[PDB]
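Structure record follows, encoded as structure tokens.
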Amino acid sequence: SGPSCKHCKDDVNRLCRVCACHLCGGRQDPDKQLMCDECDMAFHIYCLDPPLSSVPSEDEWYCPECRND
Amino acid sequence: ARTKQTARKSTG
Ligand SMILES: [Zn+2]
Ligand SMILES: [Zn+2]
Ligand SMILES: [Zn+2]
Numbered sequence: 311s312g313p314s315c316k317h318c319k320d321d322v323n324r325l326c327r328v329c330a331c332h333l334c335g336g337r338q339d340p341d342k343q344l345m346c347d348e349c350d351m352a353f354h355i356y357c358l359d360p361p362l363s364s365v366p367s368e369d370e371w372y373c374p375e376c377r378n379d
Numbered sequence: 383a384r385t386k387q388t389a390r391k392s393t394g
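Top line first, the protein sequences correspond to chains A and B.
Offset between the first sequence (1-based) and the entry's author numbering: plus 310.
Offset between the second sequence (1-based) and the entry's author numbering: plus 382.
In structure tokens form, the structure reads like this:
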């Protein structure tokens, strides 16, 4: 499954949940978008702005469900 | 990992 959206061209006028926020799909501090490379799912960490304020991109990161394997 | 900053995109 490549990162490209075969169902979304990421138009500037329209926001895509796969390339943006799935929970709200809105523009909010997009630079702080966190996503698990194994999945195209991200976290409301930028929308909610929780104490985490940390980016695990330093190394490969897996979403909580990935580990629930 | 896959940070994917996501370029700015809105109805703006
Ligand atoms: Zn997309
Ligand atoms: Zn959101
Ligand atoms: Zn995952």
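Where a beta carbon is used, it is the ideal one built from N, C-alpha and C, also for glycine.
Among the options, nearest to residue i - alpha-carbon criterion
i: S367 of chain A; options: A:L358, A:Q343, A:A330; result: A:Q343
i: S392 of chain B; options: A:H317, A:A330, A:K316, A:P313; result: A:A330
i: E348 of chain A; options: A:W371, A:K316, A:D379, A:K319; result: A:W371
i: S311 of chain A; options: A:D369, A:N378, A:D341, A:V328; result: A:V328
Residue i beta carbon near ligand 4 (any heavy atom closer than 7 Å)
i: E370 of chain A; result: Looking at this structure, you won't find ligand 4 anywhere; what it does contain is ligand 1, ligand 2 and ligand 3.
Interface residues of chain B facing residue i [CB-CB closer than 7 Å]
i: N323 of chain A; result: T393
Residues that residue i contacts on chain B, provided the C-beta gap is smaller than 8 Å
i: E370 of chain A; result: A383
Selection of the stretch 347-360 of chain A by Cβ proximity to chain B, strictly under 7 Å
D347
Which residues neighbour ligand 1 when neighbourhood means a C-beta less than 5 Å away from any of its non-hydrogen atoms? List them by chain order. A:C315, A:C318, A:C326, A:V328, A:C329
Problem set entry | Chain-ordered residues of the stretch 324-344 of chain A with a beta carbon less than 9 Å from chain B | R324, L325, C326, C329, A330, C331, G336, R337, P340, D341, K342, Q343, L344
- Message: I need the residues with a C-beta less than 5 Å from some heavy atom of ligand 2; please give them in chain order.
- Response: A:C331, A:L333, A:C334, A:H354, A:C357
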